[PDB]
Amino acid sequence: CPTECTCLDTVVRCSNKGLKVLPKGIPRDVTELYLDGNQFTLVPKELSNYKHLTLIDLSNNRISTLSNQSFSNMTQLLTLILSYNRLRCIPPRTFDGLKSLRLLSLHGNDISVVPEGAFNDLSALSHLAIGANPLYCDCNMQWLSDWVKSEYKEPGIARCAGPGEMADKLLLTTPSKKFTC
């Protein structure tokens, strides 16, 4: 078990420890990894190397960018929590391969645009949190409006920042035809 962490029952906790680098020597069999409340600015490239990992909590960090390699090779991942970071741009293939992912939180970031096709591989995703973001509700967000409107995937919290008449309207219930360019 890393010095900075506690390890119990394949669950590894390194929460609120002032970390900006992944602790060395995390158990190979880790299933739940809690890195909330630290000072990471990037997703560590190594998280891909933990082949049993089904939950990642990186909430309340300083993460400003993702790469198309960030969650690569994580076909087993169930829960991905990126709440309360500094995300804005979401690379189009960031979530590729994540065919087991059920829960995704992007709530509390600086996101205006989620590119179409970003959820192409996310066929098991049942619960999206994407509130507390300045969503720009033009035709480029129309696909997401349609996506959340099947089986209550977003909880009526996320709202358009704009433009114009879209101001303060819920992502969930606003008709997809109103998302125009």
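So that there is no doubt, residue numbering starts at 1 and follows the sequence shown.
- Comparing 154-162 with 12-20, the stretch with the higher mean C-alpha B-factor in the PDB entry is 12-20.
- The PDB entry reports B-factors from which the mean C-alpha value can be compared for 117-125 and 130-138; the larger average falls on 117-125.
- For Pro27, the recorded CA B-factor ranks within the highest third of the chain. Only modelled residues enter the ranking.
- When the modelled residues of the chain are ordered by their C-alpha B factor, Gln76 lands in the middle third.
- Sort the modelled residues of the chain by CA B factor and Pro92 lands in the highest third.
- Placement of the Cα temperature factor of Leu66 within the chain: highest third of the modelled residues, per the deposited record.
- The entry lists a Cα temperature factor for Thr180 that places it in the middle third of the chain's modelled residues.
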